[PDB]
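Q: This structure is in structure tokens; I'll ask about it shortly.
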Protein chains: 2
Amino acid sequence: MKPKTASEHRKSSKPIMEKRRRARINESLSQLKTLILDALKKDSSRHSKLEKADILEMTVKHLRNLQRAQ
Amino acid sequence: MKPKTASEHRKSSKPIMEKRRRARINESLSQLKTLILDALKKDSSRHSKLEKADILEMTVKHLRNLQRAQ
């Protein structure tokens, strides 16, 4: 399937804290993708083809759209 | 017992494409934190220490603001 890919870049310190961080990274990215795709209402297929980079920048680009809708 | 369910990488993609994606991930996330922190002007000092999760969330939360404050 295509699960929530975790971008594991190793930078350890506190095993517990970095895991909590990691979890929260997924938590935030998941809702990020969710509210973005829902606000723009692009397509569900291009949601099922959302590359991590596509998701991140989509959020930033929507930011610009909102930021001009003042 | 020890249930080994996650040890090997069940991960499939092209090394080159995923590397290109990786670059864009970092690119997107970088400008993402930038425009968010600067738009609300929280603190640029604490901006030197933003947890990845804090960064994603900060952007999502600002999305909400943009969606409902105007």
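Naming scheme: A, B, ... for chains in displayed order of the structure tokens; residues 1 onward per chain; ligands 1 onward as shown.
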First superpose chain B onto chain A using a least-squares fit over all Cα atoms taken in order; then report the RMSD in Å.
A: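 The fitted C-alpha deviation between chain A and chain B is 8.6 Å.
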Q: Using only C-alpha atoms, determine which residues of chain B fall within 7 Å of chain A; present them as a ChimeraX atom specification.
A: /B:21,24-25,28-29,32,52-53,56-57,60,63,66,70
Q: Based on the selection just made, write N, CA and C atoms of those residues as a PDB file, in the first residue's frame.
A:
ATOM      1  N   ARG B  21      12.968  14.081  -4.952  1.00  0.00           N
ATOM      2  CA  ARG B  21      11.869  14.354  -4.050  1.00  0.00           C
ATOM      3  C   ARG B  21      12.410  14.904  -2.739  1.00  0.00           C
ATOM      4  N   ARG B  24      13.363  18.467  -2.752  1.00  0.00           N
ATOM      5  CA  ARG B  24      12.167  19.302  -2.743  1.00  0.00           C
ATOM      6  C   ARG B  24      11.457  19.295  -1.394  1.00  0.00           C
ATOM      7  N   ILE B  25      11.538  18.185  -0.674  1.00  0.00           N
ATOM      8  CA  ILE B  25      10.975  18.084   0.664  1.00  0.00           C
ATOM      9  C   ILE B  25      11.615  19.136   1.561  1.00  0.00           C
ATOM     10  N   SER B  28      10.790  22.688   0.463  1.00  0.00           N
ATOM     11  CA  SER B  28       9.461  23.107   0.796  1.00  0.00           C
ATOM     12  C   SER B  28       9.359  23.425   2.267  1.00  0.00           C
ATOM     13  N   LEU B  29       9.914  22.553   3.088  1.00  0.00           N
ATOM     14  CA  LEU B  29       9.861  22.678   4.528  1.00  0.00           C
ATOM     15  C   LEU B  29      10.642  23.936   4.986  1.00  0.00           C
ATOM     16  N   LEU B  32       8.666  26.925   4.089  1.00  0.00           N
ATOM     17  CA  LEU B  32       7.470  26.743   4.893  1.00  0.00           C
ATOM     18  C   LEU B  32       7.638  27.406   6.263  1.00  0.00           C
ATOM     19  N   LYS B  52      10.782  19.755  14.084  1.00  0.00           N
ATOM     20  CA  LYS B  52      10.133  19.507  12.785  1.00  0.00           C
ATOM     21  C   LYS B  52       8.608  19.462  12.889  1.00  0.00           C
ATOM     22  N   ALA B  53       8.149  18.860  13.940  1.00  0.00           N
ATOM     23  CA  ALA B  53       6.737  18.747  14.246  1.00  0.00           C
ATOM     24  C   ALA B  53       6.107  20.117  14.522  1.00  0.00           C
ATOM     25  N   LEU B  56       5.736  21.992  11.118  1.00  0.00           N
ATOM     26  CA  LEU B  56       4.596  21.526  10.336  1.00  0.00           C
ATOM     27  C   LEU B  56       3.305  22.070  10.944  1.00  0.00           C
ATOM     28  N   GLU B  57       3.156  21.872  12.249  1.00  0.00           N
ATOM     29  CA  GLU B  57       1.996  22.338  12.997  1.00  0.00           C
ATOM     30  C   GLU B  57       1.816  23.843  12.934  1.00  0.00           C
ATOM     31  N   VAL B  60       0.198  24.585   9.750  1.00  0.00           N
ATOM     32  CA  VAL B  60      -1.187  24.111   9.746  1.00  0.00           C
ATOM     33  C   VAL B  60      -2.064  25.052  10.570  1.00  0.00           C
ATOM     34  N   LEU B  63      -2.739  28.170   8.830  1.00  0.00           N
ATOM     35  CA  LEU B  63      -3.634  27.875   7.729  1.00  0.00           C
ATOM     36  C   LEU B  63      -5.035  28.129   8.250  1.00  0.00           C
ATOM     37  N   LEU B  66      -5.744  31.814   8.645  1.00  0.00           N
ATOM     38  CA  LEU B  66      -6.016  32.392   7.344  1.00  0.00           C
ATOM     39  C   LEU B  66      -7.398  31.990   6.825  1.00  0.00           C
ATOM     40  N   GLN B  70     -10.247  35.833   8.066  1.00  0.00           N
ATOM     41  CA  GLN B  70     -10.574  36.577   6.894  1.00  0.00           C
ATOM     42  C   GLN B  70     -11.108  35.615   5.866  1.00  0.00           C
TER      43      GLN B  70
END
Q: Please indicate the distance in Å from CA of residue 68 in chain A to CA of residue 42 in chain B, rounded to one decimal place.
A: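 We find that CA of residue 68 in chain A and CA of residue 42 in chain B lie 20.6 Å from each other.
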Q: Can you list every residue in chain A that DSSP puts in alpha helix (DSSP H), as JSON, numbers by chain?
A: {"A": [15, 16, 17, 18, 19, 20, 21, 22, 23, 24, 25, 26, 27, 28, 29, 30, 31, 32, 33, 34, 35, 36, 37, 38, 39, 40, 52, 53, 54, 55, 56, 57, 58, 59, 60, 61, 62, 63, 64, 65, 66, 67, 68]}
Q: Could you work out how far CA of residue 6 in chain A lies from CA of residue 19 in chain B, giving the answer in Å with one decimal?
A: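 Going from CA of residue 19 in chain B over to CA of residue 6 in chain A, I get 14.4 Å.
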Q: Just the number, please: distance in Å from CA of residue 38 in chain A to CA of residue 1 in chain A, one decimal.
A: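 Distance between the two atoms: 22.0 Å.
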